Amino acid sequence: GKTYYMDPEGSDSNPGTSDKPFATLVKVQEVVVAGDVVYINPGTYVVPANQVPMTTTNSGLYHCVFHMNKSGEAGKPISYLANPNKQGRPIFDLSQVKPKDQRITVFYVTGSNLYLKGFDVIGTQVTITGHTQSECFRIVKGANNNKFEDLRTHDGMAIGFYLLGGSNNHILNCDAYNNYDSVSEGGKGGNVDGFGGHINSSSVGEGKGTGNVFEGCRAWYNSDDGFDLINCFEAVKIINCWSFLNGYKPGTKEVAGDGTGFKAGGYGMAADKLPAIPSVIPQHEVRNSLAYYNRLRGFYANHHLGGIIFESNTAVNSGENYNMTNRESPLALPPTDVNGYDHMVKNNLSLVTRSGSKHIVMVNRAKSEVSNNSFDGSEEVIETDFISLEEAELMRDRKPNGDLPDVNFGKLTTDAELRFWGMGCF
């Protein structure tokens, strides 16, 4: 198909060629069809304060900056890619977009067969002072077979990636970091997650809400949780992801939100009414992943109503490194917790050297399968079992192709591997 170009100094009166690039994604959205590519030149794109939203949702509550409403076809996606012929990353700066009384969604995704790669979204605002959120990416029912790759949602007040529906959305090698809402509810960070998987009742079913995966992603210094799968009505998988330093104001140890690395289930604990729940309680999965120094918890079942899979993970100094708490089943009021049931907790590794941290809590080993974990064994894991525990390694720049940096952080030594055989994410 065609290749279009956009540039911070382009013009939406241009034809969108390399010599005469467009200025905005609004114009790109007007012209693209299945098979087309937009190369997005590096530099900062400041979205103007007065740019009209491409759409709104939820009876006008949301101002949606860019509506990703067109679809590609299988084998003919529409692609929105950082220009691979020019060094540097495109940066969308959303700091001037402050519509009164509205939540912000920067990329509202209703289309299918889309491919977005290689750019950043910074400065996304919250202006509403009550309990609220904004999102950099919000993906909904009917948005299928999309790929979001090497994207970075950071230094803003918005959730990075937020899934309410859709099927076969792959969120690959993305970072969400330094996200903190300094406005709403007195501004104590509030309720900002890096990545949220919340496939709703409207979006259930094979090929409608299934197949969504977070892979190779990092979440750090988000005010609330790195990854959060509450209220998720089909299984979501978190694979080869790192989640660290969540629950703190960015760059500090000042208390912010809940501070979980991976909140991997749940339907809430409301006292007043029963939550809606899926007819099949999904087996979410967290595999080959790393939790480090989240404020309160590492890998958390978050009051799930059934089993989840925690396989081949590593936790270091993340509060309750593993917490398997489930909500009592059947669903009842008052809401109470039990030691986790039906879980698969296998091949995990845990180090505790931090004040207040613990290996594993709230698991029922008579009702869950808990085997070959370091915390099950006789030998305590210690600092010298690791090649490195230098945390700045986790913040190293990604490889040029977007893959996670090579690190020794959390990697067992050759001798320690013999004593903890088959355990941990590396």
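Start at 1 and count along the sequence shown; that's the residue number.
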{"item": "Between the two ranges 95 to 103 and 314 to 322, the one averaging a larger CA B factor in the entry", "value": "95 to 103"}
{"item": "Segment of higher mean CA temperature factor, 61 to 69 or 377 to 385", "value": "377 to 385"}
{"item": "Identity of residue with top Cα B-factor, from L394, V361, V31, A366", "value": "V31"}
{"item": "Given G197, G75, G268, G298, the residue at which the Cα B factor reaches its maximum", "value": "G75"}
{"item": "Within-chain third of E328 by Cα B-factor, per the entry", "value": "middle"}
{"item": "CA B-factor placement of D337, once the chain's modelled residues are sorted into thirds", "value": "middle"}
{"item": "Lowest, middle or highest third - CA B-factor, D228", "value": "lowest"}
{"item": "Chain third (lowest, middle, highest) by recorded CA B-factor, residue given as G123", "value": "middle"}
{"item": "CA B-factor placement of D175, once the chain's modelled residues are sorted into thirds", "value": "lowest"}
